[PDB]
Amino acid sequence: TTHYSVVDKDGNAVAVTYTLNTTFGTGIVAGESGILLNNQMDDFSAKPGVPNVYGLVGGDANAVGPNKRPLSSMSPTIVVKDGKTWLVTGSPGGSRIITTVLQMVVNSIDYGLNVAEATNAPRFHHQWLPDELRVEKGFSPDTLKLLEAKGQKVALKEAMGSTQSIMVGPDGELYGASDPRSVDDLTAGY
């Protein structure tokens, strides 16, 4: 999955998240088209109560069905401040997309972090099942100790997501940030 954001000189904004699902999808090119084929079908619940590749579960609502669109977690998002587009964001991450974007919003509104600060801050995530509070490297040992004392089952795992965001200033100026987790990416303008 990959996400990108755009804001033009007129103030129009677009946030796009699209994907083949896993990296390279099935890895199958469609004949001589040169086009790689997605493995999005794994986003359906294959059987009630059995997790998919992201540990997500389902039942009737997200069951496989002809012509049906499998449930996604993709969240291209825009936050409005004082009636104007203020934050344009999104990210890949399967089940983690929801919490990664959530953190971008919380970091921006509650903690007042600039778009780069919000992007470079560490992330944590809990998706109910499995019952674990997943964390990235970057949290204080003192804090993780307190969380464990609260009953959280902390699990240090791989970095989560690749936010590509743009924040619009009060005067209309643009501020952007690419994720440190992804190399060779870029946020640029004019």
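For every residue, the number given is its place in the sequence shown, counted from 1.
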Between 48 to 56 and 141 to 149, point out the one with the higher average CA B-factor as the PDB entry records it.
141 to 149
Averaged over C-alpha atoms, is the B-factor higher for 130 to 138 or for 159 to 167 in this PDB entry?
130 to 138
Could you place residue 36 in the lowest, middle or highest third of its chain by Cα temperature factor, using the values in the record?
lowest
Give the position of residue 175 by CA B-factor within its chain, expressed as the lowest, middle or highest third.
highest
Please place residue 66 in the lowest, middle or highest third of its chain according to the CA B-factor in the PDB entry.
highest
Residue 93 - which third its CA temperature factor falls in, relative to the rest of the chain
middle
Lowest, middle or highest third: where is residue 182 by C-alpha B factor in its chain?
highest
